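Engineer: Dropping a structure here in structure tokens format, bear with me for questions.
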Amino acid sequence: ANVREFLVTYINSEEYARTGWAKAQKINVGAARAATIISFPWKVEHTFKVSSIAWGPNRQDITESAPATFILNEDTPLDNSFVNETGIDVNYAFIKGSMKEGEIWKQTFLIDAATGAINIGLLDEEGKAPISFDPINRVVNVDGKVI
Amino acid sequence: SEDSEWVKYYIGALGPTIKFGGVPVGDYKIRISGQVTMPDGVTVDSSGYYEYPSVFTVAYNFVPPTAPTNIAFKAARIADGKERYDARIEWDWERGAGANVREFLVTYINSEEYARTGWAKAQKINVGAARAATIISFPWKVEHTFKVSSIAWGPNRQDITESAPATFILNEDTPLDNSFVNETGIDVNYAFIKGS
Amino acid sequence: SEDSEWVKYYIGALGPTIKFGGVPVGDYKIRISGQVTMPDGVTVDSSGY
């Protein structure tokens with residue numbers, strides 16, 4: 001018969017194994033067939049189940065479907081659609097700041113997350129900042145004066 | 001309208017119990033007329049016209065339902081690199097003498113903003129038949145006013161049955177189920193910046 | 001369908017205003033037939049279809 005809406009319930013896969021759908025999160029969309037989750041956990045699998053409920057004879061009728069699980073990792077293809085060119089980047093890689101002159105971004109500082117190397121100032125022709133920090137070698141090399 | 005005519009609605013045998021439909025919703029008068037035919041089949045006797053002195057109104061047997069109750073809250077924390085919290089608000093409703101509730105609409109706004117200007121710029125979230133409302137990235141240590149209204153398709157176009165507003169704040173005192181666990185590279189929290 | 005039959009939908013007294021339901025949605029033809037009984041109760045006159 002007619003399906004007036006689809007109800008989707010999701011919960012962590014490990015939590016689903018531990019206690020089922022006790023504290024599961026429910027999201028309904030109605031007549032749409034696309035459910036979107038904002039800021040889904042990374043590299044974490046969750047259990048999702050979909051149930052179709054329509055107004056039955058007395059007050060309601062329920063027709064459920066099989067649960068499913070899915071995880072989001074780098075292997076999962078991404079459409080992005082957000083593109084780029086946003087000032088100040090906060091990622092796993094580094095902390096790089098640039099000022100856009102003309103039509104090109106020139107990095108002003110770079111705080112490496114993996115090694116802690118820090119460059120300060122506009123990079124010269126040789127790719128070395130006027131103030132450079134190399135904690136791997138622990139070298140204070142600055143093209144200037146120290147006070 | 002006084003110009004309304006005595007529109008035919010049922011013609012047939014006379015009986016103490018008379019049931020018929022097709023009458024539009026409104027206010028109408030009702031009158032009856034009898035008819036008897038003498039065995040010749042050409043001579044017919046009538047009892048005249050009898051009209052009820054009380055005006056009846058066609059309506060719908062539909063009463064607005066009851067109001068939602070049993071306000072409940074749930075909270076969880078996710079720290080996928082960055083600290084964040086997700087809050088779930090739940091409620092329960094009972095059939096009672098009320099009618100069907102097709103959906104529940106929840107409207108929320110900042111508690112201070114609610115005091116300042118009411119629900120002027122309040123944010124509305126609807127779930128339908130579900131009894132659990134989840135907010136992603138709810139503000140920390142900030143109380144907001146939440147109100148729930150039950151709206152069903154009424155007689156003309158809609159029917160509204162609202163419930164009392166409520167407020168809630170999310171702080172460290174609020175228990176957290178988390179469910180996100182841990183072991184995520186690069187931590188961005190109030191504490192420090194540790195890389196391993 | 002040309003094989004459709006003249007399904008009964010209302011039998012009763014003749015009147016200028018006739019209202020009845022239960023007809024499924026679709027395309028149908030409509031025909032009427034009259035009936036008059038002579039006072040003997042055994043002789044009945046029809047107006048055809």
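Ordered as shown in the structure tokens, chains take letters A, B, and onward, while each chain numbers its residues from 1 and ligands are numbered from 1 in the order shown.
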Select, as JSON, numbers by chain, those residues of chain C with any atom no more than 10 Å from chain B (distances computed using only C-alpha atoms).
Structural biologist: {"C": [12, 13, 14, 15, 16, 17, 18, 19, 20, 21, 37, 38, 39, 40]}
Engineer: Neighbours of residue B:159 within 10 Å (only C-alpha atoms; same-chain residues fewer than 3 positions away dropped), as a PyMOL selection string?
Structural biologist: chain B and resi 63-65+101+150-156
Engineer: Residues of chain A were defined as contacting chain B if any atom lay at most 9 Å from it, counting only C-alpha atoms; please report them as a PyMOL selection string.
Structural biologist: chain A and resi 5+7+11-12+14-15+23+25-30+38-39+41-44+53+55+59+91-92+113-114
Engineer: Could you name the residues that touch residue C:23 at 10 Å or less, counting only C-alpha atoms, but leaving out those on the same chain fewer than 5 positions away, as a CSV table (one decimal) with N, CA and C atoms, in the first residue's frame?
Structural biologist:
chain,number,residue,atom,x,y,z
C,7,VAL,N,-23.6,-3.1,-15.2
C,7,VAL,CA,-23.6,-3.4,-13.8
C,7,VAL,C,-24.7,-2.5,-13.1
C,9,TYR,N,-26.4,-0.2,-10.5
C,9,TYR,CA,-25.8,0.8,-9.6
C,9,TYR,C,-26.9,1.5,-8.7
C,28,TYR,N,-17.3,4.8,-18.2
C,28,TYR,CA,-18.5,3.9,-18.3
C,28,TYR,C,-19.6,4.5,-19.1
Engineer: Would you please give, as a VMD selection string, all residues of chain A that DSSP assigns to strand (DSSP E or B) based on the backbone?
Structural biologist: chain A and resid 5 to 12 25 to 30 45 to 54 61 to 64 68 to 71 94 to 101 104 to 112 118 to 120 131 to 134 139 to 142
